[PDB]
Each structure stands twice: as C-alpha cells, then as structure tokens.
There are 2 protein chains.
Amino acid sequence: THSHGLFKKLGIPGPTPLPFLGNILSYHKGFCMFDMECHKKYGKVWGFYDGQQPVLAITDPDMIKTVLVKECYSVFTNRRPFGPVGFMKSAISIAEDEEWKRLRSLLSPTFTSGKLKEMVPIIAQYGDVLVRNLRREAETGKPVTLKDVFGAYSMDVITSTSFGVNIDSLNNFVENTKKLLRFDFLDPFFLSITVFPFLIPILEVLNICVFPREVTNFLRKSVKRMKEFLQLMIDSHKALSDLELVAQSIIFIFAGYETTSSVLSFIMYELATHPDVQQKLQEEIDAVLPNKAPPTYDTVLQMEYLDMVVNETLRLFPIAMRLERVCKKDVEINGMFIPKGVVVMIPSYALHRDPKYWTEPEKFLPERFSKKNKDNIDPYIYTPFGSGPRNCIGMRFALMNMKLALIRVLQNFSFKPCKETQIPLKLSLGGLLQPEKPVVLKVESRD
Amino acid sequence: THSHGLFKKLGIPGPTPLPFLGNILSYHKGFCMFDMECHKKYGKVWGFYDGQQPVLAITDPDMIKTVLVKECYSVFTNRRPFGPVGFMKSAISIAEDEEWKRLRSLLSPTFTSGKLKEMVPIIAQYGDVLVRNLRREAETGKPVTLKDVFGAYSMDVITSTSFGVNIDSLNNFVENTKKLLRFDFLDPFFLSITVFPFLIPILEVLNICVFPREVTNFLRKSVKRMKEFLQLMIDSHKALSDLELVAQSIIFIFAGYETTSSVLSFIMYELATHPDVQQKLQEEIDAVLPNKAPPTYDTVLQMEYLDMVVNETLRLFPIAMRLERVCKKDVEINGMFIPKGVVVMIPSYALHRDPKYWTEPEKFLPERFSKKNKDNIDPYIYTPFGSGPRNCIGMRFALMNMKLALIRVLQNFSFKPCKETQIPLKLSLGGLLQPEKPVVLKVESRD
Ligand code: HEM
Ligand code: HEM
C-alpha cells in the first residue's frame with residue numbers, strides 16, 4: 001500500500017488514504033459529493049486513491065482541453081480498465097489504442113446527419129406509441145412512474161434503429177433485453193473489485209462477468225438469426241468479427257436505454273417543478289409545430305428554448321458524472337508533471353455546479369444557455385458529452401431522440417407534481433446518477 | 001480454455017493441447033527436446049500453448065531476421081512477461097517499449113570497447129586468483145567441481161567491474177551474493193505460474209517474488225553505503241532512480257554469474273573429452289603469449305582458434321535456449337499472419353543442432369567456425385547472443401571475460417576426464433541449461 005505516496009512527492013494535495021482501501025470510504029456520501037468537497041477544499045487540482053490506483057482530478061479549462069483534445073492520441077487515449085468484462089473488451093467504449101481507433105472509424109459513419117435524418121421517421125412512430133401508453137395511465141387518475149414509460153420508449157427506439165426489430169415493450173426479446181438489461185445494485189461488487197483489482201484475472205479465467213452469460217448468448221443467436229446500424233457492420237481498416245459485432249450492439253443498447261430514459265426523467269422533474277418553463281416550452285412547440293404537427297429533423301433543430309431546457313438539465317445531471325483518461329506515458333501538461341499510469345479524471349458534476357462559473361448552481365435556470373449568455377460558457381467546464389476524439393459518438397442521436405420524445409409528450413400532456421413526488425429531488429449514493437426515489441408525476445391531457 | 005483454437009484456424013500445425021495445461025506436459029522430456037521434436041515433426045513453423053498463452057515457433061532465417069531486426073521497434077519490442085517480479089520490472093531485460101529504450105540508451109555506453117578495454121587489468125587479477133585456487137585442488141590429487149571455481153571467479157569479476165568491491169569468494173557480501181544468488185529448483189513454482197498466470201497479480205500485491213526480499217535489501221543498503229559501471233548510473237533521456245539503480249545491478253550479477261560460469265564449464269568438458277583440441281588451443285595461446293605472458297585486450301582478439309572453441313561450444317549449449325518476442329499488433333511477416341498477443345519464439349537450441357544447417361550436429365567440431373567455413377553460417381540460425389536492437393548487451397564483455405579465464409587456466413593446467421566424469425554429458429530437464437550431474441574433471445599442472 002505505497003502508491004499512496006505519489007501525490008505527496010508530487011506536491012499535489014488530497015485526502016489522506018487508508019491502507020488497502022485508499023479513499024473509497026469517502027464514497028459513502030456519494031461519488032459526486034466527494035468530488036465537490038475535494039474541489040472546495042483543495043482548489044484547482046487534487047489526487048486520491050481508489051484502492052491502490054492513483055486518480056488525479058483537474059479543473060482547469062486549459063488543462064482539460066489538453067487532456068481531452070491535444071494529447072488524446074499520444075498520451076490520454078484510453079479509459080480506466082475496470083472489472084471483469086469478458087468479450088466486452090472488444091466494445092468501442094472499452095477498446096484501447098489502435099483497436100479503438102479502428103472501431104471509432106468503422107462506427108462513425110453510423111451517426112452522421114444523413115443516417116440520423118433517416119432515423120427520424122422510425123423513432124417518431126414510437127413517440128406516438130409513448131403518447132398512447134401515457135394516456136392509459138393519465139386517464140387512470142394516479143401518478144405515473146416516468147422511468148417505466150421512458151424505459152420502454154428508449155428500448156423500443158434503440159432496438160429498431162440498431163437492428164430492425166419493432167416491439168412494444170410496455171405491453172409485453174423484450175424479456176431478455178429489459179429485465180436482463182437492469183442493474184440490480186452492482187455497487188458492492190464494484191466496490192470489492194476496486195479494493196481487490198488483483199482478483200479480476202481470476203474472474204476472467206472463470207468466465208465470470210458483470211453481464212449474465214445468457215443475455216449475450218440470446219443476442220449472439222438473435223443476431224445470427226438476423227441474416228437473410230446493424231447493416232453497416234455487416235456490409236463491410238479491418239472487417240468486423242461476428243463476436244465483435246455483438247459487443248458494439250450491447251454498448252449501444254445500454255447507452256440507448258439508461259442514458260436516454262434517465263435524462264428524460266430528470267427533464268420532466270424540472271418541468272413539473274417549474275411550470276412557467278413547461279408552459280414556455282409548450283408555446284415554442286405549438287408555434288413551431290402548429291396543431292400538433294409531427295416533429296421532423298429540421299423542426300427539432302429550430303426549437304431554441306427546447307435546446308436550452310435539455311442543456312440546463314444536462315448541467316445539473318451529467319449522467320456520466322466523470323470523464324477519465326489513463327496516462328500512457330510521463331508527460332508535462334500545462335506546467336504539471338503527470339506520471340505514467342495515473343488515471344486523470346475530470347469531475348463534470350462538480351464543475352457543472354461550481355460557484356466559480358455558474359450563478360446559483362443549484363437553481364434550474366434555462367436562461368444560462370440563451371443565445372446571449374451561451375457565449376460565456378466554457379466548453380471545457382460544461383462537458384455533458386465529453387470532448388475530443390473520444391467524446392460521445394451518439395451525442396446527436398441522443399439529443400435528437402430525447403427532443404423527439406419531449407415534443408410529442410409535451411404536445412399532448414402537462415406534468416404536475418403529485419403528492420408522492422419527492423421535492424427537492426435527492427440523488428442516489430450509488431455508482432449511477434439516478435434519483436433516490438423514482439420520479440412520479442401527475443400527467444394531465446391537454447385535449 | 002479456448003485460445004487453444006488459434007493455431008488451427010491459422011492453418012499452423014502443432015501438438016494438440018490439453019485443457020488448462022496446454023502443452024506443458026510435453027516439457028517432461030525438457031524444453032529443448034520438445035523444440036527439436038516439434039521441428040522434426042512439423043517442419044518450418046509450429047505453435048503450442050504454455051497453459052493458455054499461444055507460442056509460435058519460427059525457423060526461417062528471413063523471418064527470424066524480420067522479427068529480431070526489421071520489426072523490433074514497431075511490433076516485436078518486448079519479451080514475455082513472466083511470474084512475480086516486483087521492483088525487478090524496472091530491469092532492462094524486463095522493461096518494455098519506451099522504458100526499455102531509455103535504459104538501453106543509458107546502459108549502452110557501459111559496454112563500449114573503451115570501457116571493456118579498461119576492465120581487462122581489473123578482471124585479469126581474478127584470473128590469477130582463479131589459477132591459485134585451481135592448484136590447491138589440483139595438488140589435492142582428486143577431481144575438481146568446475147562450477148564452484150568458475151562460480152567464484154564469475155562473482156569476483158562481476159562484483160568489481162559493476163561496482164568496485166574486491167572479494168575472494170572461494171575463500172570466504174559474498175554470503176549474500178552467492179548462496180542468496182542460487183536457484184534452488186524454482187521449476188515447480190515456474191510450472192504452476194505458467195498454469196496459473198492469473199495468480200501473478202495476487203503474488204505481486206502480497207509482495208511475494210522469485211527473489212528473497214532481503215538480498216535486495218542488502219544490495220539496496222550496500223549501494224547506499226557506496227556513495228562518498230556503478231559510476232555511469234550515478235554521474236547522470238531521464239535520470240535513473242536509486243531503486244532502478246539496484247534493478248540493473250541484480251540483472252548484471254545474475255548475468256555475470258550464471259552465464260559465464262555455465263559456459264566455461266561446458267567448454268572445459270569439451271576440451272577434456274577432446275584432448276587434441278585442448279592441445280591445439282594451448283599451442284595457440286603459447287604462441288601468441290610466449291612464456292605465460294599475461295593476456296591483454298588486443299591479445300585475446302588475436303587468438304582465432306580460441307574464438308572457434310567458444311563459438312562451437314555456444315552452438316551446442318546456447319544457455320538462453322530460446323529467443324522470445326511478444327507480438328504488439330496484428331502483422332504479416334514474410335507472408336504469414338501473426339495475431340496480436342502471440343509470443344513469437346526462436347528455438348536457438350534446436351536450430352543450433354538442425355541437421356539441415358550442420359554436419360553431424362551432435363559432434364564437437366571447432367572447424368565449423370574457421371575462417372573458411374564461417375562464411376556459410378547463417379547469422380540467424382546461429383544466434384547464441386540473439387540479434388537486433390534487443391540482443392545481449394554484454395556480449396563482448398562475456399566473450400572477453402570467458403576468454404581471459406580460459407587463457408590463464410590453459411596456460412597453467414591441463415584437464416582430463418576423471419572416473420567421476422559423466423560421458424556423454426546429459427542435460428538437466430529443468431528450465432536452465434545445465435548438466436544433469438555437475439562437471440568434474442582431473443586437473444594437472446603443466447609446470
Ligand atoms: C443523454 C444521453 C448521453 C449522454 C449525456 C452521453 C454522454 C457521454 C459521455 C460524457 C461520454 C464520455 C466522453 C468522454 O469521455 O470524453 C460518452 C461516451 C460514449 N457514448 Fe454517450 N452519452 C449519451 C448517449 C449515448 C447514446 C444514445 C449512444 C449510442 C447509441 C452513446 C454512445 C457512446 C459511446 C460509444 C461512447 C464511447 C466513445 C468512445 O469510446 O470512443 N451515448 N457519452
Ligand atoms: C556466455 C555469456 C552470455 C550469453 C550466451 C548471453 C546471451 C544472451 C541472449 C541470447 C540474450 C537475448 C537476446 C535476444 O533476445 O535477442 C541476452 C540478453 C541480455 N544479456 Fe546476455 N548473455 C551472456 C552474458 C551476459 C552478460 C555477462 C551480461 C551483463 C553483464 C548480459 C546482459 C544481457 C542483457 C542486459 C540482456 C537484455 C538486453 C535487452 O533486453 O535489451 N549478458 N543475452
């Protein structure tokens with residue numbers, strides 16, 4: 001337990017680590033609370049230890065720009081290798097160095113504006129399915145669990161756009177990609193792996209992994225039954241393998257399900273707790289789409305206030321919480337020596353709520369992102385989708401998918417806080433950015 | 001246990017591996033016997049599995065040249081990472097990629113002809129100490145264990161040339177660098193690590209290592225007591241650390257002790273079992289050094305037949321047995337696809353005894369390396385010191401040290417087979433190239 005002396009010899013402050021555990025006991029208050037308190041106590045830069053792994057947090061916009069953009073291909077190319085992943089090591093978000101660069105090139109044409117434009121009529125059909133299912137619980141007279149309806153919509157969207165299967169999940173493959181697509185408190189296992197990272201090779205050789213070794217076997221034979229986004233990988237650097245075909249699919253499914261449904265639930269909580277914003281957004285939607293006109297590609301991009309609501313919600317709730325890069329070699333960025341093997345981390349949650357760049361950070365104020373004030377927002381302090389060559393590849397898809405769902409939802413319904421609604425919203429202290437109690441709101445039809 | 005299908009899908013022949021073990025059970029006959037039988041059975045190229053690690057053996061001189069010389073910096077830069085090494089990971093023979101390239105640059109000036117020329121008067125003193133200790137067992141009238149006297153000479157030489165300490169080991173620091181410098185059958189532990197390579201991180205975090213955690217602490221404080229080759233590392237890419245200072249020293253000690261003493265014992269066995277070669281060599285020594293003149297730098301290089309004896313012995317007994325390189329990326333060398341992660345291996349022992357390049361390989365014939373026939377010897381079939389940028393850095397030092405010992409020894413003594421001498425010499429079946437029974441020979445003074 002002697003890596004614990006690296007930050008003191010470097011002159012970098014931080015919390016004093018305990019033997020074996022490091023600083024992981026400070027995660028009791030939550031990973032995000034630990035980042036904000038370290039930022040207030042140590043200032044610009046600090047370091048801590050996840051067990052024996054040294055992590056260096058940076059808050060300077062120029063230094064964040066160097067890590068994520070300038071020295072990406074050379075120094076900060078890969079993310080932190082985490083617990084037993086098995087064949088998921090071939091996934092793009094997991095691949096490293098040249099194997100990632102190949103997959104990034106093979107999958108970048110999937111998310112072009114031309115491909116995204118052809119997905120609008122497909123995912124607009126499920127927006128109508130979402131509105132239909134939203135009424136049978138709106139006419140029910142009792143509050144709605146938003147994560148359930150948004151979860152079924154996110155799965156219906158990602159299943160048809162990635163492959164081509166069209167299922168109504170809320171009324172029902174789905175049983176293997178919904179229940180078998182949930183995260184039943186892997187927090188204790190993630191903590192033990194962090195404390196015992198040397199046990200990872202043992203779990204790998206035993207073929208033990210975070211995912212169940214069936215869901216993949218289901219998707220493995222499902223993709224094999226589909227032969228006669230999934231098109232681009234088959235039509236074809238280096239040709240993609242069949243097992244690597246499934247790896248990228250699973251990443252897109254988890255990305256399309258959890259991220260899209262979680263942020264949509266955070267948005268509706270802010271619209272219900274701020275009705276004047278909800279009305280102003282419905283007025284912009286009604287003015288751009290008169291008489292409940294169906295949303296289109298060019299239409300969604302015209303709604304300026306809709307973009308401000310999504311941006312402000314992504315400020316308060318950056319579902320990735322952190323950006324991380326592994327230091328491949330000894331470097332000196334912006335006047336600071338970074339030794340090899342240190343996980344450089346950018347605390348997005350803490351930076352999005354820093355009282356240095358934001359007026360009243362705890363307030364939900366869409367006016368920060370208006371055409372006037374948006375110029376004063378540093379793109380390396382507000383990083384909801386990351387930045388640089390390894391940023392979110394599905395940023396435009398996620399923005400388009402969420403906005404299409406928000407428009408169709410707000411065209412027909414209004415959302416008010418129910419008696420069961422937790423106000424203020426408290427965040428879970430686990431490894432995922434999600435509310436403590438599930439978001440429930442009263443839904444009322446507008447017509 | 002499914003890496004076992006890589007060579008069959010590549011079209012590469014080889015022995016069928018067992019689950020978990022791979023082909024390690026074929027090591028019962030010895031690592032070198034396994035290489036020769038695979039070469040006779042599969043021809044040019046074959047593959048096997050050390051547990052789950054795929055190893056690809058190559059015998060083509062053009063392909064060996066590409067692996068060791070052409071694509072060293074790009075593809076085949078590092079050797080196979082083996083069991084728990086601890087702080088010895090900073091050693092030059094263990095370092096990888098840019099950390100090795102730095103150490104190779106910092107330690108190459110140590111072995112220049114200018115430095116080697118200044119070491120001759122130092123190591124010639126121990127040649128006289130070796131002759132003195134060789135008489136008290138020659139006048140004893142009973143055979144001599146060559147590994148003991150050559151072991152003390154090799155340690156006395158490497159201790160003074162690396163640092164500056166001058167000790168008579170055979171008559172006595174030495175207790176910590178002799179007994180604590182021996183290999184007490186680590187073969188079962190090496191086998192279990194090969195079968196359980198996933199247990200290596202467990203031994204590392206427990207600070208368990210192949211070396212005793214005292215010998216290093218002795219050398220760590222001994223080097224610290226020496227402050228007031230060791231000069232070049234202190235006088236100073238990047239400056240060398242104090243803990244990395246000890247790592248390179250331990251590698252030089254094990255290299256100077258085992259390799260020098262083992263080959264010298266193999267040479268004297270061939271000179272005793274071939275007296276006409278021993279006489280012819282003594283005649284060349286007497287003609288170049290009249291009246292037992294002390295050997296010098298330029299003198300040793302003039303003895304052509306002495307170079308032929310050392311070369312031929314290094315053919316039959318290449319103490320490294322194999323050269324290995326880890327494939328850093330997917331490549332296609334000389335018309336063959338090499339997947340990433342495969343350990344490319346060059347079987348030096350089998351190639352040195354191949355009936356395709358050598359007439360009567362089992363025969364000790366120094367005439368193969370005469371000025372006439374040496375031109376027909378492919379430098380990539382006869383690779384006693386390796387080749388390319390990562391060849392033996394102490395080649396000229398080892399050649400000079402052994403020849404200086406051979407000259408002073410043959411100037412005074414003659415060596416004959418004793419009743420206890422094992423004829424023919426059989427090799428141990430462990431991981432080291434050493435005789436089955438220790439080499440004992442009758443020593444007689446010439447004056
Ligand atoms: C609100 C929705 C989303 C948010 C806020 C989000 C955010 C992020 C962030 C912060 C990163 C890390 C960037 C970095 O480290 O610099 C990332 C990476 C990534 N995201 Fe997203 N994401 C969202 C939705 C999606 C969707 C829908 C997909 C795919 C269908 C997706 C695919 C990916 C991939 C593949 C990566 C890794 C890229 C690489 O390693 O090269 N994301 N995302
Ligand atoms: C008869 C004596 C010796 C023989 C036959 C021998 C042979 C070899 C061989 C075959 C290699 C591997 C080359 C390759 O993989 O291409 C090697 C590497 C090496 N040898 Fe020797 N060696 C001897 C003595 C020594 C001595 C006396 C020293 C130092 C004092 C030494 C230092 C090294 C080092 C440092 C390496 C690794 C170089 C690197 O990784 O860059 N060797 N030797």
Side-chain angles (χ1 to χ4, degrees), chain B residues 3-4 6-8 10-17 21-27 29-72 75-83 93-94 96 190-191 193-195 197 317-334 336-354 356-357 378-392 430-433:
Chain B
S3 78
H4 299 178
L6 174 62
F7 291 129
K8 283 183 289 182
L10 262 50
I12 300 172
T16 306
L21 302 188
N23 299 113
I24 62 118
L25 285 189
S26 298
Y27 290 152
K29 57 194 174 186
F31 301 85
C32 295
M33 303 301 106
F34 174 71
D35 288 350
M36 296 205 63
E37 294 185 357
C38 289
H39 189 16
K40 181 227 233 181
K41 187 188 305 176
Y42 305 112
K44 180 173 297 183
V45 168
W46 66 94
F48 58 96
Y49 301 89
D50 287 350
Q52 306 271 211
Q53 172 61 231
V55 185
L56 180 67
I58 58 177
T59 62
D60 180 58
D62 288 315
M63 191 177 305
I64 297 173
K65 180 180 182 182
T66 306
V67 171
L68 298 180
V69 179
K70 289 160 183 171
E71 304 300 323
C72 173
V75 191
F76 310 99
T77 308
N78 313 326
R79 295 188 180 90
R80 192 198 308 192
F82 281 97
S93 58
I94 307 306
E96 296 176 347
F190 177 78
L191 188 76
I193 282 303
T194 301
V195 182
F317 307 102
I319 43 87
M321 293 171 301
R322 293 170 169 180
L323 292 346
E324 287 183 347
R325 296 294 189 276
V326 172
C327 192
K328 277 158 54 183
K329 66 164 301 178
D330 289 54
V331 287
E332 192 170 10
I333 53 175
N334 294 91
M336 187 170 67
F337 165 73
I338 317 297
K340 176 179 178 175
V342 166
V343 174
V344 186
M345 186 267 296
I346 297 92
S348 303
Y349 183 95
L351 291 178
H352 288 190
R353 298 170 182 257
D354 187 10
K356 242 299 195 306
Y357 287 99
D378 200 315
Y380 300 99
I381 297 300
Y382 174 72
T383 62
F385 299 92
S387 184
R390 201 152 187 177
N391 69 334
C392 179
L432 270 53
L433 191 59

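Residue numbering restarts at 1 for every chain, and letters A, B, ... go by the order of the sequence lines.
With a 6.0 Å radius and a threshold of 12 heavy atoms from other residues, nucleotides or ligands, B/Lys70 has its NZ atom above the threshold. Within 6.0 Å of atom NZ in B/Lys29, more than 12 heavy atoms from other residues, nucleotides or ligands are found, so the atom counts as buried in its surroundings.
Put simply, the side chain of B/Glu96 does not reach to within 4.5 Å of the side chain of B/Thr77, judged on heavy atoms. Using a 4.5 Å heavy-atom cutoff, the side chains of B/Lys328 and B/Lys340 are not in contact. Here the side chains of B/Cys38 and B/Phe48 are not in contact, with every heavy-atom distance at 4.5 Å or above. The shortest distance between side-chain heavy atoms of B/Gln52 and B/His4 falls below 4.5 Å. Within the 4.5 Å cutoff, side-chain heavy atoms of B/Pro347 are placed close to those of B/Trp46. Under the 4.5 Å side-chain criterion, counting only non-hydrogen atoms from C-beta, B/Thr383 is in contact with B/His352. Side-chain contact between B/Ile381 and B/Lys356 is absent, with no heavy-atom pair separated by less than 4.5 Å. The side-chain heavy atoms of B/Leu10 and B/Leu56, taken from C-beta on, include no pair separated by under 4.5 Å.
A pairwise comparison of heavy atoms in B/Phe7 and B/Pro54 identifies CZ-CB, 3.8 Å as the closest pair. Looking at every heavy atom in both residues, B/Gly386 comes nearest to B/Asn391 through C-CB, 4.0 Å. Smallest separation of non-hydrogen atoms from B/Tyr357 and B/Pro61: OH-CG, 3.3 Å. When all heavy atoms of B/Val343 and B/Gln53 are compared, the pair lying nearest together is CG2-OE1, 3.3 Å. The two residues B/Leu351 and B/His39 come nearest to each other via the heavy atoms CD2-NE2, 4.2 Å. Pairing each heavy atom of B/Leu323 with each of B/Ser348, the nearest pair is CD2-OG, 3.1 Å.
How far OG1 of B/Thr59 is from CD1 of B/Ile64: 6.5 Å, rounded to the nearest 0.5 Å. For the atom pair CG of B/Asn23 and CG of B/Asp50, the computed distance is 7.5 Å after rounding to the nearest 0.5 Å. For the atom pair NZ (B/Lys44) and CD1 (B/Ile58), the distance works out to 11.5 Å, reported to the nearest 0.5 Å. In this structure, CD1 on B/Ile338 lies 6.5 Å from CE on B/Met63, to the nearest 0.5 angstrom. Here the CZ-CE distance, from B/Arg353 to B/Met36, works out to 7.0 Å after rounding to the nearest 0.5 Å.
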Worksheet entry | Pair B/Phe76-B/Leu68, side chain to side chain contact (heavy atoms under 4.5 Å, CB included): steps then yes or no | CA-CA 7 Å; B/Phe76 310 99; B/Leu68 298 180; over 6 Å; no
Item to complete: Begin with the C-alpha distance, continue with both residues' side-chain angles, and end with the deciding distance and a verdict on side chain to side chain contact (heavy atoms under 4.5 Å, CB included) for B/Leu6 and B/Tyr49.
Response: CA-CA 10 Å; B/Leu6 174 62; B/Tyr49 301 89; 3.8 Å; yes
Fill in: Worked check of side chain to side chain contact (heavy atoms under 4.5 Å, CB included) between B/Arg390 and B/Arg325
CA-CA 10 Å; B/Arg390 201 152 187 177; B/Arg325 296 294 189 276; 3.7 Å; yes
Worksheet entry | Verdict with reasoning, B/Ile24 to B/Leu191, per side chain to side chain contact (heavy atoms under 4.5 Å, CB included) | CA-CA 8 Å; B/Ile24 62 118; B/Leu191 188 76; 3.7 Å; yes
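Taking the six-membered ring for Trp and the full ring otherwise, B/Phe82 and B/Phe190 have centroids separated by under 6.0 Å.
When each of B/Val331, B/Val75, B/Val326, B/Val67 is checked for a side-chain contact (heavy atoms from CB on, under 4.5 Å) with B/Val344, only B/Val67 meets the rule.
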